[PDB]
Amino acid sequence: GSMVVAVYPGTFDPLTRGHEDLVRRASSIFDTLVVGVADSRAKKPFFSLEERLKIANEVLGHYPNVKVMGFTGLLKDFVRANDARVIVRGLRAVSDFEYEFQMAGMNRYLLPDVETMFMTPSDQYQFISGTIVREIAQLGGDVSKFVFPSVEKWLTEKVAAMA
């Protein structure tokens, strides 16, 4: 047929069960799925880029056609670097639709030949917010329903270290 590489970009602070489900689904469609972890300095992420990469690799490493890579520059440049024809984003019934469609429209100007394609996670992950996950973890609450056990370990350790 053809070889199609897709990029699934995000801050992934941290990778949730929603993100993992999207990776499972997208990697079943595309020949290679590149999970692009953006530095996202201005968003003031809880975990460092190095930490977010380790967290994501722990969860996703077993998928044979998934690559986890960080990037500090423009998504445009990361997509081109990976010879990607598709940007995959998760879209849920409770997504920030304004944000998603603005990004897709602007990336459409920056990368006219690259398609943004939206996929949907399983029903049970449709309502997970990363911001709320971090809030719960910081207040000492368990987030096991929302993130994998390995990710819980990172949250617990980071919360304890910052105190």
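Note that residue numbering follows the sequence shown and begins at 1.
Averaged over their C-alpha atoms, the temperature factors of 70-78 and 86-94 are higher for 86-94. With 135-143 and 149-157 compared on mean CA B-factor from the PDB entry, the stretch scoring higher is 135-143. Taking the deposited Cα B-factors for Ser48, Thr120, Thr116, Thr32, the highest one is held by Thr120. Ranked within its chain, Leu53 lands in the lowest third, by CA B factor from the PDB record.
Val5 sits in the middle third of its chain by CA B factor, as recorded in the PDB entry.
Ranked by C-alpha B-factor against the other modelled residues of its chain, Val37 falls in the lowest third.
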